[PDB]
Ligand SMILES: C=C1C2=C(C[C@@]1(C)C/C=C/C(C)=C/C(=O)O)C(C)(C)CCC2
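Here's a solo chain for you in structure tokens, the form solved without the ligand.
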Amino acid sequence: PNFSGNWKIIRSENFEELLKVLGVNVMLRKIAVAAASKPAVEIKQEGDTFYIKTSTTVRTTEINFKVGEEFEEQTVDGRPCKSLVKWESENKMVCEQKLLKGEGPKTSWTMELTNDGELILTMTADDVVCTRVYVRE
């Protein structure tokens, strides 16, 4: 029941397919797959508010919101979009996502906590889904 901590991914799937949906070229995806190379993350939990800063090596994103209201944040490719998050269980909340300008694809992701404290994160984009398991540090 706590996402606050560091996070080092251990497994993941639908990576290239999430970079082909986000982008369209070909090298544009392989650069994001090589950029990831098991990226790190750090979640700060302050109640219904969940902040999430991810860092690879040359990139570094970070979002922040509350479970109940919408907000502005960065997506996974590098575009601005207002995300939203509602709870699902005692430690599993879902998330919706739409750009803040223009329009094309659709983004939405989720994040669940394990009874031990682990943290897994799922992702969606139009009709795809990028899942990645994250274990505290």
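The first residue of the shown sequence is 1; numbering continues from there.
One more form of this protein exists, namely the form solved in complex with the ligand; it is left out here, but the text below deals with it.
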item	value
Contact test in the entry with it bound: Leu84 vs the ligand, heavy atoms, 4.5 Å	no
Any non-hydrogen atom of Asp77 within 4.5 angstroms of the ligand in the entry with it bound	yes
Contact flag, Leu99 vs the ligand in the entry with it bound, heavy atom cut 4.5 Å	no
is_contact(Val58, the ligand) in the entry with it bound, heavy atom dist at most 4.5 Å	yes
Heavy atom within 4.5 Å of the ligand in the entry with it bound - qualifying residues of 121-137	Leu121, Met123, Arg132, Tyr134
